[PDB]
Amino acid sequence: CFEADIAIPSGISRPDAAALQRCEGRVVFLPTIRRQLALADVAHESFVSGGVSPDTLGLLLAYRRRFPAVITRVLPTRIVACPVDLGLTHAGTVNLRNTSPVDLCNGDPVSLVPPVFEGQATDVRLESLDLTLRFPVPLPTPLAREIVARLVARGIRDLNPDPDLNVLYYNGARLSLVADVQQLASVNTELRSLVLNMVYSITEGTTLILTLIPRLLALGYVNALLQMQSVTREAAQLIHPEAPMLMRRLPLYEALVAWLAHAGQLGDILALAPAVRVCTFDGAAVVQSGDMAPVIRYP
Amino acid sequence: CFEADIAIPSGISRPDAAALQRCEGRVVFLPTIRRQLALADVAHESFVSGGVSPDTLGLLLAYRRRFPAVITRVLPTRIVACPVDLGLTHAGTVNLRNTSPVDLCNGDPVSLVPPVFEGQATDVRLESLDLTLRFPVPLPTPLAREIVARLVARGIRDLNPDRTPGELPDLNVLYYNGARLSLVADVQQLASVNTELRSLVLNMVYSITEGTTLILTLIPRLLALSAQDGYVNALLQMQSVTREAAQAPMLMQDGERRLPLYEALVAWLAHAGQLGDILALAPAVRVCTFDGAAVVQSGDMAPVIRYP
Amino acid sequence: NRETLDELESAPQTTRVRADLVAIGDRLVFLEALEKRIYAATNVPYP
Amino acid sequence: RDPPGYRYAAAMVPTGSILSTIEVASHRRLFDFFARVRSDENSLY
Amino acid sequence: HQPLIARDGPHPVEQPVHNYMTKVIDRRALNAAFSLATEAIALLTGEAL
Amino acid sequence: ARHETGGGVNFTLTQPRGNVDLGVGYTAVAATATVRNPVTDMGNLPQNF
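- The deposited coordinates derive from cryo-EM, with the record listing a resolution of 3.1 Å.

- The PDB entry lists chain F under the name Major capsid protein, from Human herpesvirus 2.
- Looking at the header, the entry is titled "Atomic structure of the herpes simplex virus type 2 B-capsid".

- Within the PDB entry, the label attached to chain A reads Triplex capsid protein 2, and the organism entered is Human herpesvirus 2.

Remarks on the overall build of chain F
1) Next: Regarding its fold elements, chain F presents zero helices and two strands.
2) Next: Along the longest, intermediate and shortest principal axes, the C-alpha atoms of chain F span 50 × 45 × 25 Å.

Some remarks on the arrangement of the chains
1) Next: Here nine pairs of chains are in contact, and chains A and B lead that list by number of contacts.
2) Next: Looking at chain A next to chain C, you find no contact at all, with the nearest C-alpha pair sitting 19 Å apart.
3) Next: Nothing in chain B touches chain E, and the closest approach of their C-alpha atoms is 9 Å.

Quick look at the sheet that holds strand β4 (residues 67-75) of chain A
Whenever strands of a sheet pair, they do so through backbone hydrogen bonds, lying parallel or antiparallel.
All names here are of chain A.
1) Next: A sheet is described by the order of its strands in space; here five strands give the open sequence β2-β4-β5-β1-β3, paired in mixed fashion. Of all strands in the sheet, those bounded by a partner on one side alone are β2 (27-30) and β3 (36-38). Ignoring strand direction, the axes of neighbouring strands in this sheet form an average angle of 40°.
2) Next: Looking at chain direction, β4 and strand β5 (residues 78-83) are connected through six bridges and run antiparallel. Residue pairing across strands places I71 opposite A81, the latter belonging to β5.

Some words on the sheet that holds strand β1 (residues 2-3) of chain F
1) Next: If you walk across this open sheet you meet the three strands as β1(E)-β2(F)-β1(F), and the pairing is antiparallel. Taken across any chain shown, the strands that pair with only one partner, and hence form the sheet edges, are β1 (26-35) of chain E together with β1 of chain F.
2) Next: With 10 bridges joining them, β1(E) and strand β2 (residues 10-19) of chain F adopt antiparallel strand pairing. Across the sheet, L30(E) pairs through a bridge with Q15(F), a residue of β2(F).

Let's talk about the pattern of salt bridges
1) Next: For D108(B), the salt bridge goes to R65(A), with nearest N and O atoms at 2.3 Å. Here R65(A) lies in the loop between α3 (56-63) and β4 and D108(B) lies in the loop between β5 (95-97) and β6 (109-113), a pairing that spans two chains.
2) Next: For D162(B), the salt bridge goes to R249(A), with nearest N and O atoms at 2.5 Å. Linking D162(B) in the loop between α5 (141-157) and β10 (173-175) with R249(A) in helix α9 (residues 249-269), this pair reaches from one chain into another.

Brief notes about the state of the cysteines
Residues and elements named next belong to chain A.
1) Next: Covalently, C1 is tied to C82 through a disulfide, its sulfur atoms 2.2 Å apart. In this structure, the disulfide formed by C1 and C82 twists by about -105° around the S-S bond and is classed as left-handed. Of this pair, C1 sits in the segment before β1 (4-7) while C82 sits in strand β5, placing them 81 residues apart in sequence.
2) Next: In this structure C105 is a free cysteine whose sulfur lies 6.1 Å from that of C279, the closest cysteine sulfur available.

A word on the interface of chain A and chain B
Note on interface size: it is often stated as the accessible area lost on association of the parts.
1) Next: Facing 67 residues of chain A, the contacting portion of chain B comprises 67 residues.
2) Next: If you list the elements that add at least two residues to the side of chain A that touches chain B, you get α4 (141-159), α6 (192-212), α8 (234-242) and α9 of chain A.
3) Next: Of the residues assigned to the side of chain A that touches chain B, the class counts are 36 nonpolar, 16 polar and 15 charged.

A short note on the pairing of β6(B)
Successive residues of a regular strand alternate their side chains across the two faces of the sheet.
Residue and element names in this part refer to chain B.
1) Next: Note that β6 and strand β12 (residues 285-287) share two bridges and pair antiparallel. Looking at the pairing, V110 lines up with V285 of β12.
2) Next: As paired strands, β6 and strand β9 (residues 137-140) are joined by four bridges and run antiparallel to one another. Bridged to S111 within β9 is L139.

Comments concerning the packing of aromatic side chains
1) Next: Aromatic pair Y39(C) and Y46(C): ring centres 5.3 Å apart, planes at 75°, arrangement edge-to-face.
2) Next: Put simply, the rings of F29(A), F47(A) and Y63(A) touch in pairs and so form one group of aromatic residues.
3) Next: When the ring centre of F135(A) is taken as reference, the NZ or CZ atom of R26(A) above it lies at 5.4 Å.
4) Next: Stacked on the ring of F67(A), the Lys or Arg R286(B) has its end atom at 6.0 Å from the ring centre.

Re unusual backbone geometry
1) Next: Residues other than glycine seldom take positive phi values, yet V124(A) does so here, at roughly 50°.
2) Next: The phi angle at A10(D) is positive, at roughly 90°, despite the residue not being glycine.

Description of the side chain of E204(A)
1) Next: With respect to the secondary-structure elements, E204(A) resides in helix α6.
2) Next: Reaching out from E204(A), the side chain makes a polar contact with the backbone nitrogen of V241(B) at a distance of 3.3 Å.
3) Next: With sequence-adjacent residues up to four places away left out, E204(A) is seen in contact with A255(A), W259(A), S240(B), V241(B) and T242(B).

Describing the environment of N98(A)
All names here are of chain A.
1) Next: Mapping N98 onto the fold places it in the loop between β6 (96-97) and β7 (103-104).
2) Next: In sequence terms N98 and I156 are 58 residues apart; their C-alpha atoms lie 30 Å from each other.
3) Next: Apart from the residues within four sequence positions on either side, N98 is in contact with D103, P138, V287, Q288, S289, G290 and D291.
4) Next: A distance of 3.0 Å separates a polar atom in the side chain of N98 from the backbone oxygen of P101.

What about the packing of α6(A) against α9(A)?
Residue and element names in this part refer to chain A.
1) Next: The geometry of α6 relative to α9 is characterised by a closest axis approach of 10 Å and an angle of 145° between their N-to-C directions. Relative to α9, the crossing made by α6 is left-handed. Contacts from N197, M198, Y200, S201, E204, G205, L208, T211 and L212 in α6 reach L252, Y253, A255, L256, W259, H262, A263 and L266 in α9.
2) Next: Among the residues making up the contact of α6 with α9, the classes are represented as 11 nonpolar, five polar and one charged.

Overview of the environment of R134(B)
Residue and element names in this part refer to chain B.
1) Next: Take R134: it is sitting in strand β8 (residues 131-134).
2) Next: For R134 and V27, which are 107 residues apart along the polypeptide, the C-alpha to C-alpha distance reads 9.1 Å.
3) Next: Leaving out residues up to four positions away in the same chain, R134 has contacts with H44, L59, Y63, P115, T122 and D123.
4) Next: Of the polar contacts made by the side chain of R134, one reaches the side chain of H44; its length is 3.3 Å.

A closer look at the environment of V152(B)
Residue and element names in this part refer to chain B.
1) Next: Residue placement: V152 occurs in helix α5.
2) Next: On a C-alpha basis, the gap between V152 and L57 in space is 7.8 Å, while along the polypeptide they are 95 residues apart.
3) Next: Leave out the neighbours within four places in its chain, and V152 touches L57, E196, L200 and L279.

So, how was this worked out
Residues numbered from 1 in each chain as written, not as in the entry; some residues may be left out. Chains lettered and ligands numbered in written order. Part of a larger assembly, values for the part shown. Heavy atoms only, no water. Residues with missing side-chain atoms left out of burial classes, pairs and counts. Helix = DSSP H or I, 4+ residues; strand = E, 2+ residues; numbered from the N terminus. Contact = heavy atoms within 4.5 Å. Pairing = 2+ DSSP bridges. Axes fitted to C-alpha atoms, helices over the stretch in contact; angles between N-to-C directions. Salt bridge = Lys/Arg side-chain N within 4 Å of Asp/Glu carboxyl O. Disulfide = S-S within 2.5 Å. Nonpolar A, V, L, I, M, F, W, Y, C, P; charged D, E, K, R; others polar. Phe/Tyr/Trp six-rings, centres within 6.5 Å; stacked < 30°, edge-to-face > 60°. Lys NZ or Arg CZ within 6 Å of the ring centre and 35° of its normal. Polar contact = N/O pair within 3.5 Å; in protein donor to acceptor, adjacent residues only side chain to side chain. Left-handed = near helix turned anticlockwise from the far one by under 90°.

This is how it looks when you write it as structure tokens:
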């Protein structure tokens, strides 16, 4: 499996040692696959980058840069977590813990940042050694992508506001998004920076094509084919946005470069590529929330 | 590991065979998934389309088609490379030799690129049998997507020669960390730039929906943040069309229960979000180092693991 | 009572090794430099 | 000339001893052929 | 266990003092690696013969 | 412990240690003797906000 053994620090309180015992089956992101790693390297205090604790965007960056490893056995003075990325595909079944909707017999769980749901709920603080652990939520890829887009969608309404996105019905009953209270104010403040990179990359994408199409096809097969299948779609959207907006090949091309990059950087952050699949056997076939679920390395 | 053998055929001189000895860890594109193959199917002479060598946007389209294979070992009469697009199933992590001015870090997805730097470029000639080998340059996807954008736009800006005067912006020069990186500006071919332009134009259209207009309402609101936050200030690049685009709902809501915002995101995210991938070849590998060395120096061997 | 009994089980076996002993003031001390012995070729820096 | 390479057998029967121990990758250019093998390499065999 | 001195005059009288303490162990490990190149594993295990 | 690689397998060796300071009070003292080199140019560079 290639186990990597995280070293618990010096003496921890008895209630903290029982906090870790309950963390078996939880996903950890380990910065390097070194066999011997510290606990402080894994703890959420190690996600600090710009001097701040990362927002939901800063997290999703890190989740794409370090290695998630499921916790297999927690031992006093160790934690044994087996990285998801290493070894052959479809092997090393290690048990997860389900959180929220049921993980049916497949669907490739994505580990998405915690704040998307009850924020501090899952912080799991350890006071004795003064560190904390935020475990990502294991949601299926279709639902994980639906949610993360669902919330930035709700975060665009909120940006300037004067049909509920919140209630997602997922196979069973209805799933609740909003925890009401000020949790939304905490959820919305962390998606704040993800919403903008989304708003920007759209507004910067349209205006950049709406300027380019009329500032191209006027200088062959480009022209004909373009306007051909774009009838009442691109051109109509051109007149309508240019109606409620303003209008340079040299800044155009140099802005088309900087956008094209920033765009794909968001497609990478976003799309929450699945870490694992569920393939069960002699098992329930649906893993009820909070129950260990079998899981295998590639989708 | 479904390794594909590649036969060195016959005459191979001592200086040429010594050149192949150091090509282990480099990448090959094979035009099939095979078990028996000829050395000449891999050579740059095979990249030649009818009568013509593809340019450096033509190669990306050729590396789009066929399969990247990283050479594992080279024997006297065969070359062993396991086709990453398929046979990536190894317990531990095939070695990729970093050939680039760049440096990998840890976790960086690695997408390949035709050789494109002014100082560098590896083509290894072999005189005994007429053939050559251009090895692609591995590179982090953030950087490899910045390059492709540069080549695309350069082929597009030089396409309709610029009406405006003859002094255009750079677009030929990058920076990765420090280290100015100067791309090779050499030829642009109609067909190679067309498809790259065709699919660029095509996808940026599909990313525009009804709900998109709801977002375009927010441009004046963005520039309100341009100026009262230090972030969001940084977000808007100085050369931002959006800034020039501000220099609205339109009613028309079809029964009110569709949720066009959400649907507009999904639509944009698919087509426009995935442009590095469609314009260029997406990463299939990411640096991982077991020994806990956290970078890969240029010229070193990068332990590499399956897709990001 | 019977405290300070401590312990004295054996008396290990010894070897005469090449050391550098100096009396600084009142007491005898090993005087050492140990790079070139352990740290020599290893590319580990000397603490 | 391109080096003939290192002879691995006849390196098994040394004719002498190196009396120093240094990092020789610093002195890299004092030689006609040089290789650093970190642990083991396929080219030894 | 600590010494003590008899003082004289108005003062609080002094009692012997015993301090009992404990310490725990700091835990560590030491790593070194090596490796065999595949040609070597093959010669070594058996088959390339 | 061991794991696979490009090349061949890799054997990491680790043994656990543990340690305690015996004695109450200070047992080691260290002292700086000379300054070898600066390591920093001890110069003129500004800050850029």
